[PDB]
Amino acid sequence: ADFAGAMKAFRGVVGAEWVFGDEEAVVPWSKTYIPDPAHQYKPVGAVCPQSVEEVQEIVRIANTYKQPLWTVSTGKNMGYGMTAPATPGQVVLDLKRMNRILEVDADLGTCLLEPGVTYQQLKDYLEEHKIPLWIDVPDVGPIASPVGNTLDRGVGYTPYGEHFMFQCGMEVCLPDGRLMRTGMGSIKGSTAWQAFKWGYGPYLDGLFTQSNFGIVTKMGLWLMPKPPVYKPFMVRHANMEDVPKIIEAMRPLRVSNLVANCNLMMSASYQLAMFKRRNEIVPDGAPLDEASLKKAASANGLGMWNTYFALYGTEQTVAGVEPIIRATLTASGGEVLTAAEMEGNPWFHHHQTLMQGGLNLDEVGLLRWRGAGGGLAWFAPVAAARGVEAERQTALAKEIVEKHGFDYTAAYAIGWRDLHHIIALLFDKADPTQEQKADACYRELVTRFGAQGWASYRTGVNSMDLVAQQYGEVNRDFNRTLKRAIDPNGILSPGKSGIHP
């Protein structure tokens, strides 16, 4: 890499005030929450363009100077690396200034977005124009990107919660600086770019998700019509061991699509961690015992597991399914509760907001759990939607985290036929011993889960190689063949998803 030559050329493209080219200037891009005992996940520069033409020029320069770029949209991948690159020596290509809402089609229920568009911005746009469409939001703070989130295949909590399913068309700047539109978008003045996903020939959009094959400059997204009626529910289960029965109850409701939104099944420990520090619940040095958890949860109107779902449509369609749902969940030991029973309950309010695609009030309490706080890494294994799988994964995760002196703080995001088991590894990052222990714990989670046949849907920059190692060697080789063909100079996000030039 010729770093100095690249950065000088980048100033010529975007202006000197949008290039950040030394240790002090790149501080805003360098903070992470994942464990990093060797201090190895850090950018060496950042560049912030406002147009796709600037992106193209930047890519051309990256090739000439052999200077890799780590592309982000808004860069709020918290617990997964924020804007830290996977390998040393990279410049962050921060697309936050490319924040234009290009189209919103009220009739077809679609939009077309630049990467820097935020969820807040899109929701404001819809409301200001009185367009009766909803968004589908992850459980994040004030800033996050539909484009960035979708490209990492993230998740929200309406019927449109599996974000990548609802993507339709994209524009990519390929590593040589040429633009390519997927689906119907390469037909000049196509009116169907946001209407038909697949196009003609090989379906390419998935190559640009969790990958380093292209820079997405525009993305189409389907949006759900606002329903006449929205009815949120909470199911409370009393015992830690209820895990398998909850999944077995929900599975039929989801496979038959009586419930259609992604359902967060939240542990009491996670819920408490959102609003309380660990030392409000148990002494430092003591385990997070189930009696203390149960007492604390009960005092706050929570069970040991609390699962959130909603119904959408009319009073009549809601009444068609609500009885069967109530029967199935009550038979599993759950108490089904509505807004009228959960008045003033901040967890119910939190999920009632999420499940209509509302924006919650900034405040990530999770970062202050243990000691000085500041340590969070997601460990996010997949399971089939089978109670026995959830039972076993809960047991193994708890065993491993507790062996390293950490707590089990987790949720299951229940999907159609799958679960995303979301495990927050919360630690005191400011204590270097605790950061080292969290690193060791994380490695043990990945390795031992992999040995039982389980691996992650998504992971942070510090674990992308170790997670890749859980999946097949042929897969690893095939990804590398694609990388080398698409990006011969290896200038896009080396190490993303364990893919190296």
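Throughout, we count residues from 1 along the sequence that is shown.
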On mean Cα temperature factor in this entry, is 144-152 or 348-356 the higher one?
348-356
Per the PDB entry, mean CA B-factor is higher for 451-459 or 25-33, namely for 25-33
Considering only 228, 138, 381, 85, which residue's Cα atom bears the greatest B-factor as recorded?
228
Top Cα B factor in the deposited entry, candidates 178, 123, 403, 97
403
Ranked against its chain, the third holding the CA B-factor of residue 487:
lowest
Where does the C-alpha B-factor of residue 275 rank in its chain, lowest, middle or highest third?
highest
Please say which third, lowest, middle or highest, residue 326 falls into when its CA temperature factor is compared across its chain.
highest
Ordered by C-alpha B-factor within the chain, which third holds residue 5? Give me lowest, middle or highest, please.
highest
Determine, from the deposited record, the chain-internal third of the Cα B-factor for residue 432: lowest, middle or highest.
highest
